[PDB]
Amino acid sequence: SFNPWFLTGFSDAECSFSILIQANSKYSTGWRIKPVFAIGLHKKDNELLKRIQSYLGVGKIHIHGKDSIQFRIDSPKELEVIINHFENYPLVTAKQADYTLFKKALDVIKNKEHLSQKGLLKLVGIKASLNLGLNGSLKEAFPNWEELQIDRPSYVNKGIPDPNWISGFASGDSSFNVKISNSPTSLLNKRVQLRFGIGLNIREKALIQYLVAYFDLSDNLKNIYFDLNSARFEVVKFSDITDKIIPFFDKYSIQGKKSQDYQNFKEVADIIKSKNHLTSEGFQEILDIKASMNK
């Protein structure tokens, strides 16, 4: 029906676990509490989110913006489903720490304890270390938030669990693109390369290393980059793309809007492999393909 590791991979890429504490005097604490699991996608991926909706058997899909939709689960009863899933197919990235805090928050909630002052203070303390933390509104309303705040759970990376996790994740958080460049020394005075990359935040250094080892690219100790904010890898060696990247994703396939892109990626790979990118007709073919990708 729907591979469960892909779902965890896609969720590592795309989901978010929020606990919203919204100011509202119609409530007895002055605050409403909203637990939200959410994946936001372009309107073009409504069918992917519908598949996810049936797989889980819970959740609703709503208009999210001019050309976007959101799959949302906000009920504590229905969130039992999404929690059970991840207990069985755990998040691989640091998101797992946001998830752990979301669980703790949800216990306060399932026990109606968020409707007391003691419970609210607990949630502020949990929310302090969750995603973007407290807005200004909460810091004003709870000046002692620093003391309430809880230790972010520490995150040690235990590895890639299943090849489907990779395609789930890559479906949301990888890039397939055409790298056009000037070439003085070539007869066309222009040049093409294919590029597959994944760019994450530096706290995922270990994951980026585990990924490059998984594809069998780790050879040489390079094409991996650690900027101060970003850990990244990019494959541009045509043989590496042809023999390691494509064969993987032919088997564990990219899903959603990025598959239209993977498909064009391969079209271009077919043109290069046949040396037709050295003719101007072919190089235009590629430029035309490129224009229509990711855009």
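Numbers follow the displayed sequence, beginning with 1.
The mean Cα B-factor in the deposited entry runs higher for 227-235 than for the other of 227-235 and 28-36. On average the C-alpha atoms of 216-224 have higher B-factors than those of the other stretch, with 216-224 and 73-81 being the two compared. The PDB entry assigns its highest CA temperature factor, among 193, 164, 100, 137, to 137.
In this structure the maximum Cα B-factor among 130, 207, 188, 170 is found at 188.
In this PDB entry, the Cα temperature factor of residue 90 sits in the bottom third of its chain's modelled residues, the lowest group. Per the PDB record, residue ranking by Cα B-factor puts residue 153 in the highest third of the chain. Ranked within its chain, residue 289 lands in the middle third, by CA B factor from the PDB record. Residue 51 sits in the lowest third of its chain by CA B factor, as recorded in the PDB entry. The PDB entry assigns residue 201 a C-alpha temperature factor belonging to the highest third of its chain's modelled residues.
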